[PDB]
>>> print(open('data.tsv').read())   # TSV, C-alpha atoms
chain	number	residue	atom	x	y	z
A	45	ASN	CA	22.24	3.19	19.44
A	46	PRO	CA	24.05	2.40	16.18
A	47	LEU	CA	27.34	4.08	15.35
A	48	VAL	CA	28.09	4.72	11.68
A	49	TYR	CA	30.97	6.34	9.82
A	50	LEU	CA	31.59	8.54	6.80
A	51	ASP	CA	35.11	8.69	5.35
A	52	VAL	CA	35.36	11.92	3.36
A	53	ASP	CA	37.82	13.23	0.78
A	54	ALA	CA	38.25	16.57	-0.98
A	55	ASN	CA	39.48	16.39	-4.59
A	56	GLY	CA	40.73	12.88	-3.83
A	57	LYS	CA	42.60	13.83	-0.63
A	58	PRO	CA	41.35	12.15	2.56
A	59	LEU	CA	39.96	14.49	5.19
A	60	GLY	CA	39.31	11.78	7.78
A	61	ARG	CA	36.41	9.97	9.41
A	62	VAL	CA	33.15	11.32	10.83
A	63	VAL	CA	31.53	9.03	13.42
A	64	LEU	CA	27.79	9.53	13.96
A	65	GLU	CA	25.60	8.19	16.76
A	66	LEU	CA	22.08	7.52	15.45
A	67	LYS	CA	19.31	8.12	17.99
A	68	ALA	CA	17.38	4.92	17.33
A	69	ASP	CA	16.12	5.30	20.91
A	70	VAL	CA	14.06	8.34	19.81
A	71	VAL	CA	13.65	8.11	16.00
A	72	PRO	CA	14.10	4.41	15.14
A	73	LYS	CA	12.65	4.58	11.63
A	74	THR	CA	14.76	7.58	10.64
A	75	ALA	CA	17.89	6.14	12.23
A	76	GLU	CA	17.39	2.81	10.45
A	77	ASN	CA	17.05	4.48	7.04
A	78	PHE	CA	20.36	6.28	7.50
A	79	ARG	CA	22.09	3.20	8.95
A	80	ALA	CA	21.14	1.01	5.99
A	81	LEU	CA	22.14	3.70	3.48
A	82	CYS	CA	25.58	3.85	5.14
A	83	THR	CA	26.10	0.08	4.99
A	84	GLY	CA	24.77	-0.19	1.44
A	85	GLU	CA	23.04	-3.44	2.44
A	86	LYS	CA	20.06	-2.80	0.13
A	87	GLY	CA	22.37	-2.43	-2.88
A	88	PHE	CA	22.41	1.38	-2.92
A	89	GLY	CA	23.42	4.11	-0.51
A	90	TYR	CA	25.81	6.92	0.26
A	91	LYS	CA	29.17	5.43	-0.74
A	92	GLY	CA	30.70	7.39	-3.59
A	93	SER	CA	28.30	10.32	-3.42
A	94	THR	CA	28.99	13.92	-2.42
A	95	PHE	CA	28.39	16.77	-0.02
A	96	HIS	CA	26.59	18.86	-2.63
A	97	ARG	CA	25.59	21.97	-0.63
A	98	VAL	CA	27.90	23.37	2.05
A	99	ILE	CA	27.25	26.77	3.62
A	100	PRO	CA	29.63	28.17	6.27
A	101	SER	CA	28.02	28.97	9.61
A	102	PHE	CA	25.03	26.83	8.60
A	103	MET	CA	25.44	23.17	7.62
A	104	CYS	CA	26.96	20.56	5.30
A	105	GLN	CA	24.40	18.67	3.18
A	106	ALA	CA	24.75	15.29	1.47
A	107	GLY	CA	22.84	12.15	0.54
A	108	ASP	CA	21.67	12.94	-3.00
A	109	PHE	CA	23.18	9.85	-4.56
A	110	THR	CA	20.86	9.91	-7.59
A	111	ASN	CA	21.12	13.50	-8.88
A	112	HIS	CA	24.05	14.92	-6.86
A	113	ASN	CA	22.44	18.35	-6.68
A	114	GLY	CA	19.84	18.43	-3.89
A	115	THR	CA	16.85	17.16	-5.90
A	116	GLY	CA	17.20	13.38	-5.49
A	117	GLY	CA	17.93	10.41	-3.27
A	118	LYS	CA	16.07	7.30	-2.17
A	119	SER	CA	14.86	6.06	1.21
A	120	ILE	CA	14.74	2.38	2.26
A	121	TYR	CA	10.92	2.54	2.58
A	122	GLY	CA	9.91	2.65	-1.08
A	123	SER	CA	8.66	6.25	-0.94
A	124	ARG	CA	9.26	9.54	0.77
A	125	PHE	CA	8.57	8.92	4.43
A	126	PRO	CA	6.83	10.93	7.15
A	127	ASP	CA	8.50	13.09	9.73
A	128	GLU	CA	8.81	10.58	12.56
A	129	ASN	CA	8.81	13.20	15.33
A	130	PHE	CA	10.42	16.57	16.04
A	131	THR	CA	11.62	15.58	19.51
A	132	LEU	CA	15.31	16.31	19.06
A	133	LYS	CA	16.35	19.90	18.43
A	134	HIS	CA	19.02	21.55	16.28
A	135	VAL	CA	20.97	22.49	19.39
A	136	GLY	CA	24.40	23.22	17.93
A	137	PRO	CA	27.26	22.05	15.75
A	138	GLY	CA	27.35	18.33	15.05
A	139	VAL	CA	23.60	17.72	14.93
A	140	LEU	CA	22.61	15.23	12.21
A	141	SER	CA	19.22	15.94	10.64
A	142	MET	CA	17.09	15.09	7.61
A	143	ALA	CA	16.97	17.35	4.59
A	144	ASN	CA	13.51	17.59	3.03
A	145	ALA	CA	11.33	19.53	0.58
A	146	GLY	CA	8.53	20.23	3.03
A	147	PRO	CA	6.50	18.15	5.49
A	148	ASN	CA	6.73	14.37	5.23
A	149	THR	CA	9.26	14.35	2.38
A	150	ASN	CA	12.18	12.42	3.87
A	151	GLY	CA	14.35	10.43	1.48
A	152	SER	CA	18.10	10.00	1.84
A	153	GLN	CA	19.41	13.58	1.92
A	154	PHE	CA	20.73	14.73	5.28
A	155	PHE	CA	22.79	17.48	6.84
A	156	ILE	CA	25.28	18.05	9.63
A	157	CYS	CA	24.85	21.38	11.39
A	158	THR	CA	27.84	23.64	11.99
A	159	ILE	CA	25.86	26.06	14.21
A	160	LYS	CA	22.65	25.98	16.25
A	161	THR	CA	20.01	26.01	13.47
A	162	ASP	CA	17.03	26.57	15.76
A	163	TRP	CA	14.87	27.96	12.95
A	164	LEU	CA	14.75	24.39	11.59
A	165	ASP	CA	13.26	22.97	14.80
A	166	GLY	CA	9.88	21.43	14.02
A	167	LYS	CA	10.67	21.40	10.29
A	168	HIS	CA	13.53	18.89	9.91
A	169	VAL	CA	13.82	15.61	11.82
A	170	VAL	CA	16.98	15.44	13.93
A	171	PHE	CA	18.20	11.88	14.31
A	172	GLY	CA	21.81	11.81	15.52
A	173	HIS	CA	25.02	13.65	16.29
A	174	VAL	CA	28.74	13.65	15.55
A	175	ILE	CA	30.78	11.91	18.24
A	176	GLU	CA	34.18	11.94	16.47
A	177	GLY	CA	35.48	13.92	13.53
A	178	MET	CA	33.84	17.29	14.03
A	179	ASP	CA	37.15	18.66	12.72
A	180	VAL	CA	36.47	16.78	9.48
A	181	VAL	CA	33.07	18.48	9.30
A	182	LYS	CA	34.79	21.84	9.86
A	183	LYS	CA	37.15	21.04	6.97
A	184	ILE	CA	34.18	20.22	4.71
A	185	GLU	CA	32.56	23.49	5.79
A	186	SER	CA	35.71	25.41	4.85
A	187	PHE	CA	35.15	24.35	1.21
A	188	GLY	CA	31.63	25.80	1.19
A	189	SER	CA	30.33	29.14	0.01
A	190	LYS	CA	27.42	31.53	0.32
A	191	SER	CA	25.61	29.76	-2.53
A	192	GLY	CA	26.45	26.34	-1.09
A	193	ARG	CA	28.57	25.36	-4.09
A	194	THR	CA	31.74	23.65	-2.91
A	195	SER	CA	35.22	24.74	-3.98
A	196	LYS	CA	36.47	21.14	-4.03
A	197	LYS	CA	34.57	17.94	-4.77
A	198	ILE	CA	33.68	16.48	-1.37
A	199	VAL	CA	33.07	12.72	-1.59
A	200	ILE	CA	31.97	10.08	0.91
A	201	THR	CA	34.62	7.60	-0.22
A	202	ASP	CA	33.49	4.95	2.24
A	203	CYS	CA	30.78	4.61	4.85
A	204	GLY	CA	29.25	1.89	6.96
A	205	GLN	CA	28.35	0.71	10.44
A	206	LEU	CA	30.82	0.54	13.31
A	207	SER	CA	28.53	-1.02	15.93
>>> encode(input="data.tsv", output="structure tokens")
Amino acid sequence: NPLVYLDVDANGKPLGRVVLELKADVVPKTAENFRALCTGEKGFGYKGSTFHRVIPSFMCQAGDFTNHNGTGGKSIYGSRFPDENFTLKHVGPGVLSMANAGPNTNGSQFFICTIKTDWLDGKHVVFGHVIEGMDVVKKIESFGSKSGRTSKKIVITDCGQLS
């Protein structure tokens, strides 16, 4: 399975690196979309964009590199893409899953859970998990709020593929 990284800062101060394993063995199409958006190999992707909605005891959401507010993004497939499967569950902190606006509306937005979000099982496609840097995710979470507005600007300053 591919390993990818997000290097994250808050108001220009590095928080550290999040390493994500992408479950290409279970959701290859969804994993590949995220992988390519981390490398930027199609000319666009996550680098320089933000965690735009962060809610403590819920999740940290990112990937809206077009509108920066939870309405945008772009997949590698030329359109919103179907939910590949709902095999993997939102079992706990560190789960990596696709944001959406209903069934079969995957783009580029994604989230990292900070709790078991079992009420999202069967609604959002889980496709990976944090293997290093959960403490960075907890730091991101600490800048969240009830509304999801962040108290510092949380930026993916670099991202890419490790292996």
>>> atom_distance(input="data.tsv", atom1="CA of residue 66 (chain A)", atom2="CA of residue 187 (chain A)")
25.6 Å
>>> closest_residue(input="data.tsv", among="A:164, A:203, A:59, A:181", to="residue 84 (chain A)", atoms="all atoms listed in the file")
A:203
>>> closest_residue(input="data.tsv", among="A:190, A:91, A:57, A:133", to="residue 173 (chain A)", atoms="only C-alpha atoms")
A:133
>>> closest_residue(input="data.tsv", among="A:58, A:72, A:151, A:117", to="residue 184 (chain A)", atoms="all atoms listed in the file")
A:58
>>> residues_near_point(input="data.tsv", point="(15.0, 14.4, 6.9)", cutoff="8 Å", atoms="only C-alpha atoms", output="PyMOL selection string")
chain A and resi 74+127+141-144+149-154+168-170
>>> residues_around(input="data.tsv", residues="residue 109 (chain A)", least_positions_apart="2", cutoff="10 Å", atoms="only C-alpha atoms", output="number ranges by chain")
A: 88-96, 106-107, 111-118, 152-153
>>> closest_residue(input="data.tsv", among="A:71, A:132, A:98, A:178", to="residue 166 (chain A)", atoms="only C-alpha atoms")
A:132
>>> closest_residue(input="data.tsv", among="A:137, A:189, A:78, A:174", to="residue 162 (chain A)", atoms="all atoms listed in the file")
A:137
>>> residues_around(input="data.tsv", residues="residue 101 (chain A)", least_positions_apart="3", cutoff="9 Å", atoms="only C-alpha atoms", output="ChimeraX atom specification")
/A:157-159,185
>>> atom_distance(input="data.tsv", atom1="CA of residue 49 (chain A)", atom2="CA of residue 180 (chain A)")
11.8 Å
>>> atom_distance(input="data.tsv", atom1="CA of residue 167 (chain A)", atom2="CA of residue 205 (chain A)")
27.2 Å
>>> residues_around(input="data.tsv", residues="residue 97 (chain A)", least_positions_apart="2", cutoff="6 Å", atoms="only C-alpha atoms", output="MDAnalysis selection string")
chainID A and resid 95 105 192:193
>>> closest_residue(input="data.tsv", among="A:81, A:75, A:64, A:145", to="residue 47 (chain A)", atoms="only C-alpha atoms")
A:64
>>> residues_around(input="data.tsv", residues="residue 55 (chain A)", least_positions_apart="3", cutoff="9 Å", atoms="only C-alpha atoms", output="PyMOL selection string")
chain A and resi 58+196-199
>>> build_atoms(input="data.tsv", residues="region 59-72 of chain A", atoms="N, CA, C and O atoms", output="mmCIF file, in the coordinates of the input")
data_model
loop_
_atom_site.group_PDB
_atom_site.id
_atom_site.type_symbol
_atom_site.label_atom_id
_atom_site.label_comp_id
_atom_site.auth_asym_id
_atom_site.auth_seq_id
_atom_site.Cartn_x
_atom_site.Cartn_y
_atom_site.Cartn_z
ATOM 1 N N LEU A 59 40.127 13.557 4.091
ATOM 2 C CA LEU A 59 39.960 14.490 5.190
ATOM 3 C C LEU A 59 39.860 13.799 6.539
ATOM 4 O O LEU A 59 40.068 14.449 7.574
ATOM 5 N N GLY A 60 39.524 12.520 6.559
ATOM 6 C CA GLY A 60 39.310 11.780 7.780
ATOM 7 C C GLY A 60 37.894 11.246 7.910
ATOM 8 O O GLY A 60 37.074 11.294 6.985
ATOM 9 N N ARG A 61 37.623 10.723 9.103
ATOM 10 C CA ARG A 61 36.410 9.970 9.410
ATOM 11 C C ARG A 61 35.492 10.766 10.330
ATOM 12 O O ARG A 61 35.934 11.300 11.354
ATOM 13 N N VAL A 62 34.207 10.805 9.976
ATOM 14 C CA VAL A 62 33.150 11.320 10.830
ATOM 15 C C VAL A 62 32.411 10.129 11.420
ATOM 16 O O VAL A 62 31.955 9.257 10.671
ATOM 17 N N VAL A 63 32.308 10.068 12.745
ATOM 18 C CA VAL A 63 31.530 9.030 13.420
ATOM 19 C C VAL A 63 30.247 9.664 13.939
ATOM 20 O O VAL A 63 30.291 10.695 14.624
ATOM 21 N N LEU A 64 29.118 9.041 13.619
ATOM 22 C CA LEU A 64 27.790 9.530 13.960
ATOM 23 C C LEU A 64 27.086 8.511 14.849
ATOM 24 O O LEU A 64 27.038 7.320 14.512
ATOM 25 N N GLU A 65 26.531 8.978 15.964
ATOM 26 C CA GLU A 65 25.600 8.190 16.760
ATOM 27 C C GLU A 65 24.187 8.460 16.245
ATOM 28 O O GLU A 65 23.778 9.621 16.143
ATOM 29 N N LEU A 66 23.447 7.400 15.932
ATOM 30 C CA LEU A 66 22.080 7.520 15.450
ATOM 31 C C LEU A 66 21.127 7.246 16.598
ATOM 32 O O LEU A 66 21.232 6.205 17.260
ATOM 33 N N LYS A 67 20.196 8.171 16.827
ATOM 34 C CA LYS A 67 19.310 8.120 17.990
ATOM 35 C C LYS A 67 18.113 7.207 17.703
ATOM 36 O O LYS A 67 16.951 7.625 17.655
ATOM 37 N N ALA A 68 18.417 5.917 17.536
ATOM 38 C CA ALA A 68 17.380 4.920 17.330
ATOM 39 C C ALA A 68 16.443 4.825 18.525
ATOM 40 O O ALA A 68 15.297 4.381 18.377
ATOM 41 N N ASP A 69 16.917 5.252 19.698
ATOM 42 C CA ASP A 69 16.120 5.300 20.910
ATOM 43 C C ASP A 69 15.002 6.330 20.855
ATOM 44 O O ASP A 69 14.068 6.243 21.663
ATOM 45 N N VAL A 70 15.062 7.290 19.929
ATOM 46 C CA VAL A 70 14.060 8.340 19.810
ATOM 47 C C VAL A 70 13.384 8.347 18.450
ATOM 48 O O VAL A 70 12.173 8.603 18.355
ATOM 49 N N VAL A 71 14.142 8.096 17.385
ATOM 50 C CA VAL A 71 13.650 8.110 16.000
ATOM 51 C C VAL A 71 14.123 6.838 15.308
ATOM 52 O O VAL A 71 14.992 6.879 14.422
ATOM 53 N N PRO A 72 13.580 5.679 15.691
ATOM 54 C CA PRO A 72 14.100 4.410 15.140
ATOM 55 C C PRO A 72 13.953 4.285 13.635
ATOM 56 O O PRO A 72 14.846 3.745 12.971
#
